[PDB]
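Here is the structure we will look at.
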Amino acid sequence: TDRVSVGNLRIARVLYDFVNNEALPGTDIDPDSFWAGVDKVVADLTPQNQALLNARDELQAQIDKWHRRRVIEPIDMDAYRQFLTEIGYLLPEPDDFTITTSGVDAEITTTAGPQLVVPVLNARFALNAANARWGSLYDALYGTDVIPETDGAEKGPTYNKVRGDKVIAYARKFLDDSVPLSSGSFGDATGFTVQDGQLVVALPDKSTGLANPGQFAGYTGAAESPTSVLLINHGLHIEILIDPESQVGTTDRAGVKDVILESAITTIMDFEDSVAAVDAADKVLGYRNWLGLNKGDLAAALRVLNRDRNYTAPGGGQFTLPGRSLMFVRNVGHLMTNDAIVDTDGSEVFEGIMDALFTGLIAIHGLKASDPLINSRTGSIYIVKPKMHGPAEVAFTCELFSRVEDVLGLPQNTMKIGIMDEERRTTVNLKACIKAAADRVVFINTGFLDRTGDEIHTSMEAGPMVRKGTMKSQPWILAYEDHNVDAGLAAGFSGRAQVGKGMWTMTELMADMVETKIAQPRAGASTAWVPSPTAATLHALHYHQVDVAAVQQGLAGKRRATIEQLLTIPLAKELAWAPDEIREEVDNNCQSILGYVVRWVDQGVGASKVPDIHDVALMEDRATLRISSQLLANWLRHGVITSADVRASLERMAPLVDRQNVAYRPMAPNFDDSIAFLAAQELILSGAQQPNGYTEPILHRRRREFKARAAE
Ligand SMILES: O=C(O)/C(O)=C/C(=O)c1ccc2c(c1)OCCO2
Ligand SMILES: [Mg+2]
């Protein structure tokens with residue numbers, strides 16, 4: 001066996017070597033002390049970790065039984081709520097309080113702006129995401145449907161000037177809206193100069209300054225002929241690039257070459273739902289990438305991390321702005337184990353415990369010079385903790401982090417928690433969950449996809465649920481979204497911690513994103529999730545339009561969701577659907593499941609663009625898979641569809657997925673010989689039996705089975 005013995009643990013050699021040779025050097029942590037710490041923390045905290053998981057199963061069995069023993073379809077909310085209280089699912093609300101988290105960076109306490117999530121196992125994507133702090137607005141507008149590809153404005157093989165002119169006009173209007181001139185429009189500017197520390201914009205018949213001269217932040221080049229002008233609005237930077245001899249600048253009335261937006265203020269380097277990592281080799285790939293990000297030397301072929309950006313202040317001094325997104329890391333949650341470490345009985349170790357130890361250790365490098373800059377200037381390590389159920393699971397995460405800090409010799413509370421509000425028992429106890437982490441929390445975020453999965457599984461026995469698309473507008477979810485903001489603001493998050501909302505998954509419908517996703521900062525969210533650097537630049541537009549700090553101030557003290565609203569189960573109404581609509585929903589979910597799972601199981605890819613039944617491209621990860629598999633399981637459970645409908649849909653959609661895919665193993669024609677097809681089937685047929693509907697147990701087993709079959 002290729003394992004290293006440390007106490008009761010048997011550590012995969014690839015992981016042991018990676019930690020000793022790559023992670024530990026430079027931290028001043030004694031290797032033997034670290035490994036003894038791993039063993040001690042795992043032994044001490046595994047029992048409570050297991051108890052928490054058993055409590056989930058006990059609560060869910062009681063809720064199942066509660067539904068089974070009643071008849072009346074209109075659920076009596078008074079009794080339901082008394083029941084949830086009796087069994088300890090719904091806990092007393094704590095007294096009001098203010099969070100005390102300290103040592104947090106400005107990107108989190110103060111700046112409102114986009115938050116990018118990226119799979120850590122893809123070093124190229126991760127580098128691009130870290131560099132997405134700054135992004136070209138011209139590129140985002142030209143390359144996406146935000147500028148419609150109408151007649152004459154189509155994207156071609158070469159530059160379309162009619163399209164570029166539309167891009168230019170769009171950005172001039174954004175400038176007018178965001179940094180207004182004293183008089184006139186940026187669209188009429190002929191030049192920019194800096195005079196007596198002020199920005200002067202030349203117009204045809206006159207010159208003008210900014211209506212708010214304080215929005216001038218700096219420039220580059222000579223004041224009388226700058227190469228760029230730097231502005232600020234709602235704490236976010238805008239940079240106008242001036243180059244009349246550039247391809248675009250030549251066509252521009254002021255020689256403007258591009259408008260650069262400060263875009264992804266923070267990035268979540270993801271070990272959880274957007275990656276597939278089922279053994280020590282997979283975990284080491286991700287840990288090594290996370291290490292290179294924190295040491296600053298990650299290079300994918302050479303694509304490297306950006307340096308900071310140098311500016312001249314309006315008066316004339318020199319200053320710098322960060323060139324990189326401030327990085328969080330998303331650890332896995334409390335459920336899964338991984339055989340990267342096993343004990344003497346051969347039992348796998350809890351993966352959340354391991355991630356805290358190893359991503360925590362690695363993150364120390366991001367607090368020190370990067371053989372120049374840091375991740376956190378204020379000395380914090382930022383860990384998103386997903387899939388927690390209630391305040392006791394938050395407290396466990398706090399204790400885990402406390403024990404890791406002791407092993408790493410870090411100050412207590414160095415390891416901060418971004419709390420995902422993406423499970424129903426956390427939603428209805430959210431205030432207590434924040435209080436459990438009052439000195440560590442740096443955000444709450446409505447992970448609405450996982451939250452929809454948990455909604456379905458929790459009430460699985462109540463009846464058939466509405467269609468998957470209907471879920472986004474159901475009463476429970478709108479109350480959940482408002483209740484999250486209310487709790488955060490009441491705990492003092494404004495100016496202290498992020499209030500975050502969920503991911504835009506329609507990666508090619510950028511005009512729709514720009515039109516619709518403005519709802520999130522309008523709701524007082526200081527950040528929200530985007531899937532790409534391009535989407536981060538476009539979503540930044542919303543934070544120039546919306547004054548999030550003012551919105552949050554106006555929401556102060558409001559209580560816009562009741563517990564009854566939060567508990568409103570999304571049961572479908574009598575005779576809700578025609579047979580053709582039931583068919584479409586089954587086909588849509590099966591296509592979503594199969595297109596995600598085949599690349600998960602065959603290629604270890606945890607996030608994939610999968611076209612839906614309407615050929616809209618959806619960026620899918622485990623949470624959307626949790627929704628689809630749970631919904632089909634719920635429809636099968638209640639007689640909406642038959643097992644033949646499921647099988648026929650899977651078999652119907654599989655050749656289309658095979659078509660859409662290319663080191664690729666086709667699933668058709670011999671479906672039951674395809675590990676990936678069988679995984680997709682098992683996720684549906686066993687969905688009702690998975691703990692809280694989680695997909696990892698089946699995905700992990702099937703991916704390991706595929707890896708094993710591939711090695712013979
Ligand atoms: O709603 C939640 O439960 C939640 O956690 C969502 C995600 O994890 C998510 C979704 C899509 C992605 C992604 C992450 O990362 C890469 C881009 O595509
Ligand atoms: Mg989630």
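So you can find residues: chains in the structure tokens are A, B, ... in the order shown, residues in each start at 1, and ligands are numbered from 1 in order.
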Check: What residues have any atom no more than 9 Å from ligand 1 when counting only C-alpha atoms and all ligand atoms, and can you list them as a PyMOL selection string?
Finding: chain A and resi 116-119+268-270+272-275+386-387+420-423+445-453+501-505+507+529-532+606-609+618-624
Note to self: Let's see if you can do this: from backbone DSSP, list all helix (DSSP H, G or I) residues in region 293-411 of chain A, as a PyMOL selection string.
What the structure shows: chain A and resi 293-295+351-367+391-408
Next item on the list: Write out as a ChimeraX atom specification which residues come within 12 Å of residue 681 (chain A) when counting only C-alpha atoms, dropping same-chain ones fewer than 4 positions away.
Entry: /A:589-591,593-594,597-598,628-629,632-633,643-644,646-651,654,671-672,674-677,685-687,698-699,702
Next item on the list: Please report, as a ChimeraX atom specification, each residue of region 179-364 of chain A to which DSSP assigns strand (DSSP E or B) when run on this structure's backbone.
Entry: /A:181,191-195,198-202,207-208,210,216-222,225-233,236-242,256-262,266-270,300,303,309-312,318-321,326-330,337-343,348-350
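Of the listed residues (A:288, A:303, A:330, A:133), A:330 comes nearest to ligand 2; the distances count only C-alpha atoms and all ligand atoms.
Among the candidates A:416, A:457, A:385, A:638, the one nearest to ligand 2 when counting only C-alpha atoms and all ligand atoms is A:385.
In terms of minimum interatomic distance to ligand 2, A:331 ranks closest within A:527, A:98, A:630, A:331, counting only C-alpha atoms and all ligand atoms.
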Notebook entry, point to check: So which residues touch residue 488 (chain A) within 10 Å, counting only C-alpha atoms, skipping near sequence neighbours fewer than 5 positions away, as number ranges by chain?
Noted result: A: 98-99, 430-431, 434, 443-445, 483, 493-494, 497-500, 525, 552, 556
Next, the residues of the selection above should be written as a tab-separated table (two decimals), in the first residue's frame with N, CA, C and O atoms.
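Saved file again.tsv follows:
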```tsv
chain	number	residue	atom	x	y	z
A	98	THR	N	-24.67	42.26	16.67
A	98	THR	CA	-23.84	42.77	15.59
A	98	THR	C	-22.60	41.89	15.47
A	98	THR	O	-22.00	41.51	16.49
A	99	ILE	N	-22.23	41.53	14.24
A	99	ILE	CA	-21.06	40.67	14.05
A	99	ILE	C	-19.81	41.43	14.44
A	99	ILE	O	-19.73	42.65	14.33
A	430	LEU	N	-31.42	31.26	10.14
A	430	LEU	CA	-30.28	31.97	9.58
A	430	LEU	C	-29.64	32.89	10.61
A	430	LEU	O	-28.41	32.96	10.71
A	431	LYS	N	-30.45	33.60	11.39
A	431	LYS	CA	-29.91	34.50	12.41
A	431	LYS	C	-29.03	33.74	13.39
A	431	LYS	O	-27.93	34.20	13.72
A	434	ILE	N	-25.68	32.87	11.69
A	434	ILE	CA	-24.75	34.00	11.68
A	434	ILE	C	-24.17	34.21	13.07
A	434	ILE	O	-22.97	34.49	13.23
A	443	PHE	N	-19.27	36.45	4.76
A	443	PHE	CA	-20.48	36.67	3.98
A	443	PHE	C	-21.55	35.65	4.31
A	443	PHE	O	-21.29	34.63	4.96
A	444	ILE	N	-22.77	35.98	3.89
A	444	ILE	CA	-23.85	35.03	3.65
A	444	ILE	C	-24.19	35.14	2.18
A	444	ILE	O	-24.07	36.22	1.59
A	445	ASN	N	-24.56	34.02	1.57
A	445	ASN	CA	-24.87	34.01	0.15
A	445	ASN	C	-25.99	33.02	-0.10
A	445	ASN	O	-25.94	31.90	0.42
A	483	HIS	N	-35.31	37.28	3.11
A	483	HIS	CA	-34.96	36.95	4.49
A	483	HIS	C	-33.45	36.92	4.69
A	483	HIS	O	-32.95	37.32	5.75
A	493	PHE	N	-24.13	43.66	8.69
A	493	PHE	CA	-23.22	43.29	7.60
A	493	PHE	C	-22.76	44.52	6.80
A	493	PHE	O	-21.64	44.52	6.27
A	494	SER	N	-23.60	45.55	6.70
A	494	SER	CA	-23.24	46.75	5.94
A	494	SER	C	-21.93	47.33	6.44
A	494	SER	O	-21.81	47.71	7.61
A	497	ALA	N	-19.37	42.92	6.06
A	497	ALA	CA	-19.39	41.59	5.48
A	497	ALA	C	-20.29	41.61	4.25
A	497	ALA	O	-21.21	42.44	4.16
A	498	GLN	N	-20.04	40.71	3.31
A	498	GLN	CA	-20.81	40.70	2.07
A	498	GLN	C	-22.20	40.11	2.29
A	498	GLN	O	-22.36	39.14	3.04
A	499	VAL	N	-23.19	40.67	1.61
A	499	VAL	CA	-24.50	40.05	1.42
A	499	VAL	C	-24.56	39.65	-0.04
A	499	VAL	O	-24.58	40.51	-0.93
A	500	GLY	N	-24.55	38.34	-0.31
A	500	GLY	CA	-24.36	37.83	-1.65
A	500	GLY	C	-25.55	37.02	-2.15
A	500	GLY	O	-26.28	36.41	-1.36
A	525	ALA	N	-27.97	43.32	-2.31
A	525	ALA	CA	-26.83	42.42	-2.26
A	525	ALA	C	-25.57	43.19	-2.63
A	525	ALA	O	-25.54	43.86	-3.66
A	552	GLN	N	-29.02	49.25	0.94
A	552	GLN	CA	-28.94	48.57	2.23
A	552	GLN	C	-29.39	49.49	3.36
A	552	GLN	O	-30.06	49.05	4.30
A	556	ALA	N	-32.76	48.93	6.11
A	556	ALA	CA	-32.45	48.73	7.52
A	556	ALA	C	-33.71	48.58	8.36
A	556	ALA	O	-34.66	49.36	8.25
```
Next item on the list: List the neighbours of region 242-253 of chain A out to 7 Å using only C-alpha atoms; skip same-chain residues closer than 2 positions along the sequence, and give me the result as a count of residues only.
Entry: 8
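In terms of minimum interatomic distance to residue 231 (chain A), A:544 ranks closest within A:12, A:287, A:513, A:544, counting only C-alpha atoms.
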Check: So which residues touch residue 535 (chain A) within 12 Å, counting only C-alpha atoms, skipping near sequence neighbours fewer than 6 positions away, as JSON, numbers by chain?
Finding: {"A": [113, 114, 115, 116, 117, 129, 132, 133, 134, 135, 136, 137, 139, 140, 141, 143, 144, 145, 146, 261, 263, 264, 503, 504, 505, 506, 507, 508, 509, 510, 511, 512, 513, 514, 517, 528, 529, 541, 542]}
Dump as an mmCIF file, in the first residue's frame, selection limited to N, CA and C atoms:
```cif
data_model
loop_
_atom_site.group_PDB
_atom_site.id
_atom_site.type_symbol
_atom_site.label_atom_id
_atom_site.label_comp_id
_atom_site.auth_asym_id
_atom_site.auth_seq_id
_atom_site.Cartn_x
_atom_site.Cartn_y
_atom_site.Cartn_z
ATOM 1 N N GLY A 113 -19.575 44.550 -5.628
ATOM 2 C CA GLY A 113 -19.242 44.210 -6.999
ATOM 3 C C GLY A 113 -19.335 42.722 -7.253
ATOM 4 N N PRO A 114 -19.071 42.302 -8.490
ATOM 5 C CA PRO A 114 -19.238 40.887 -8.848
ATOM 6 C C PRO A 114 -18.300 39.957 -8.082
ATOM 7 N N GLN A 115 -18.743 38.709 -7.938
ATOM 8 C CA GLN A 115 -17.956 37.653 -7.310
ATOM 9 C C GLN A 115 -17.936 36.458 -8.244
ATOM 10 N N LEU A 116 -16.749 36.065 -8.689
ATOM 11 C CA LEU A 116 -16.583 35.038 -9.702
ATOM 12 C C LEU A 116 -16.288 33.700 -9.029
ATOM 13 N N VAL A 117 -16.886 32.621 -9.539
ATOM 14 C CA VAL A 117 -16.608 31.274 -9.044
ATOM 15 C C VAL A 117 -15.973 30.465 -10.166
ATOM 16 N N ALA A 129 -9.508 33.798 -13.892
ATOM 17 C CA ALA A 129 -10.425 34.312 -12.886
ATOM 18 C C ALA A 129 -9.711 35.220 -11.898
ATOM 19 N N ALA A 132 -9.279 38.375 -13.464
ATOM 20 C CA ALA A 132 -10.517 39.044 -13.846
ATOM 21 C C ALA A 132 -10.843 40.256 -12.970
ATOM 22 N N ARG A 133 -9.993 40.684 -12.032
ATOM 23 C CA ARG A 133 -10.235 41.942 -11.335
ATOM 24 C C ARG A 133 -10.416 43.093 -12.318
ATOM 25 N N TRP A 134 -9.750 43.030 -13.471
ATOM 26 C CA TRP A 134 -9.891 44.036 -14.512
ATOM 27 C C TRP A 134 -10.249 43.342 -15.816
ATOM 28 N N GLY A 135 -11.166 43.940 -16.558
ATOM 29 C CA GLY A 135 -11.658 43.326 -17.778
ATOM 30 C C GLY A 135 -12.100 44.371 -18.776
ATOM 31 N N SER A 136 -11.898 44.057 -20.049
ATOM 32 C CA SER A 136 -12.247 44.965 -21.131
ATOM 33 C C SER A 136 -13.761 44.993 -21.327
ATOM 34 N N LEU A 137 -14.361 46.179 -21.215
ATOM 35 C CA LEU A 137 -15.785 46.304 -21.514
ATOM 36 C C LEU A 137 -16.060 46.216 -23.008
ATOM 37 N N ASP A 139 -14.492 44.323 -25.113
ATOM 38 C CA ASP A 139 -14.458 42.901 -25.456
ATOM 39 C C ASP A 139 -15.739 42.202 -25.012
ATOM 40 N N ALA A 140 -16.236 42.547 -23.819
ATOM 41 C CA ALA A 140 -17.442 41.911 -23.287
ATOM 42 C C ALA A 140 -18.676 42.274 -24.106
ATOM 43 N N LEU A 141 -18.734 43.512 -24.607
ATOM 44 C CA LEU A 141 -19.874 43.965 -25.402
ATOM 45 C C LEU A 141 -19.805 43.429 -26.825
ATOM 46 N N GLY A 143 -18.134 40.784 -27.936
ATOM 47 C CA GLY A 143 -18.137 39.328 -28.004
ATOM 48 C C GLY A 143 -19.433 38.648 -27.587
ATOM 49 N N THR A 144 -20.386 39.387 -27.031
ATOM 50 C CA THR A 144 -21.615 38.800 -26.503
ATOM 51 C C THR A 144 -22.825 39.448 -27.159
ATOM 52 N N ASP A 145 -24.005 38.885 -26.885
ATOM 53 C CA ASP A 145 -25.231 39.410 -27.470
ATOM 54 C C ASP A 145 -25.743 40.668 -26.766
ATOM 55 N N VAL A 146 -24.977 41.274 -25.849
ATOM 56 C CA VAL A 146 -25.414 42.551 -25.280
ATOM 57 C C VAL A 146 -25.576 43.577 -26.390
ATOM 58 N N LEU A 261 -13.174 47.915 -16.970
ATOM 59 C CA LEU A 261 -13.943 47.948 -15.729
ATOM 60 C C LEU A 261 -13.257 47.083 -14.684
ATOM 61 N N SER A 263 -13.788 44.481 -12.308
ATOM 62 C CA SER A 263 -14.862 43.524 -12.576
ATOM 63 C C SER A 263 -15.069 42.523 -11.446
ATOM 64 N N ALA A 264 -14.312 41.426 -11.454
ATOM 65 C CA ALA A 264 -14.412 40.422 -10.396
ATOM 66 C C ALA A 264 -13.618 40.935 -9.205
ATOM 67 N N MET A 503 -25.858 32.522 -8.726
ATOM 68 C CA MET A 503 -25.133 32.458 -9.985
ATOM 69 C C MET A 503 -26.057 32.657 -11.178
ATOM 70 N N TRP A 504 -25.580 33.409 -12.169
ATOM 71 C CA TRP A 504 -26.207 33.449 -13.486
ATOM 72 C C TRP A 504 -25.614 32.316 -14.308
ATOM 73 N N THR A 505 -26.458 31.391 -14.754
ATOM 74 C CA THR A 505 -25.982 30.175 -15.405
ATOM 75 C C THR A 505 -26.145 30.181 -16.923
ATOM 76 N N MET A 506 -26.855 31.156 -17.498
ATOM 77 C CA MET A 506 -27.087 31.176 -18.945
ATOM 78 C C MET A 506 -25.965 31.969 -19.609
ATOM 79 N N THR A 507 -24.856 31.264 -19.860
ATOM 80 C CA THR A 507 -23.563 31.902 -20.126
ATOM 81 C C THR A 507 -23.519 32.637 -21.455
ATOM 82 N N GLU A 508 -24.437 32.344 -22.360
ATOM 83 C CA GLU A 508 -24.487 33.055 -23.624
ATOM 84 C C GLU A 508 -25.609 34.086 -23.685
ATOM 85 N N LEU A 509 -26.505 34.117 -22.704
ATOM 86 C CA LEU A 509 -27.578 35.101 -22.697
ATOM 87 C C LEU A 509 -27.159 36.295 -21.838
ATOM 88 N N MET A 510 -26.206 37.049 -22.384
ATOM 89 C CA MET A 510 -25.630 38.166 -21.645
ATOM 90 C C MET A 510 -26.513 39.410 -21.690
ATOM 91 N N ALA A 511 -27.219 39.653 -22.807
ATOM 92 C CA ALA A 511 -28.216 40.723 -22.824
ATOM 93 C C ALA A 511 -29.273 40.479 -21.762
ATOM 94 N N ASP A 512 -29.708 39.227 -21.612
ATOM 95 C CA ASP A 512 -30.659 38.928 -20.551
ATOM 96 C C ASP A 512 -30.039 39.153 -19.174
ATOM 97 N N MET A 513 -28.766 38.784 -18.994
ATOM 98 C CA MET A 513 -28.125 39.017 -17.703
ATOM 99 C C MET A 513 -28.071 40.502 -17.380
ATOM 100 N N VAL A 514 -27.627 41.313 -18.340
ATOM 101 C CA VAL A 514 -27.533 42.748 -18.091
ATOM 102 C C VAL A 514 -28.910 43.326 -17.794
ATOM 103 N N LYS A 517 -30.199 40.699 -14.089
ATOM 104 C CA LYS A 517 -29.403 40.469 -12.878
ATOM 105 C C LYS A 517 -29.228 41.731 -12.038
ATOM 106 N N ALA A 528 -22.723 39.313 -6.070
ATOM 107 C CA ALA A 528 -23.486 38.214 -6.651
ATOM 108 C C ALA A 528 -22.594 37.446 -7.611
ATOM 109 N N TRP A 529 -22.968 36.193 -7.870
ATOM 110 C CA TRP A 529 -22.068 35.257 -8.533
ATOM 111 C C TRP A 529 -22.176 35.330 -10.050
ATOM 112 N N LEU A 541 -21.461 46.500 -14.496
ATOM 113 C CA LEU A 541 -22.350 47.585 -14.914
ATOM 114 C C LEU A 541 -23.456 47.851 -13.899
ATOM 115 N N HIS A 542 -24.017 46.791 -13.319
ATOM 116 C CA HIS A 542 -25.127 46.953 -12.387
ATOM 117 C C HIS A 542 -24.724 47.694 -11.122
#
```
Note to self: Please list as a PyMOL selection string every residue within 12 Å of residue 324 (chain A), counting only C-alpha atoms and excluding residues in the same chain fewer than 3 positions away.
What the structure shows: chain A and resi 107+126-135+262-267+293-294+296+304-309+320-321+327+373-376
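The smallest atom-to-atom distance between ligand 2 and any of A:384, A:703, A:603, A:612, using only C-alpha atoms and all ligand atoms, is found for A:384.
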Checklist line | Å distance separating CA of residue 341 (chain A) from CA of residue 299 (chain A), one decimal place | finding: 28.4 Å
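Ranking A:695, A:183, A:484, A:54 by their shortest atom-to-atom distance to ligand 2, with only C-alpha atoms and all ligand atoms included, puts A:695 first.
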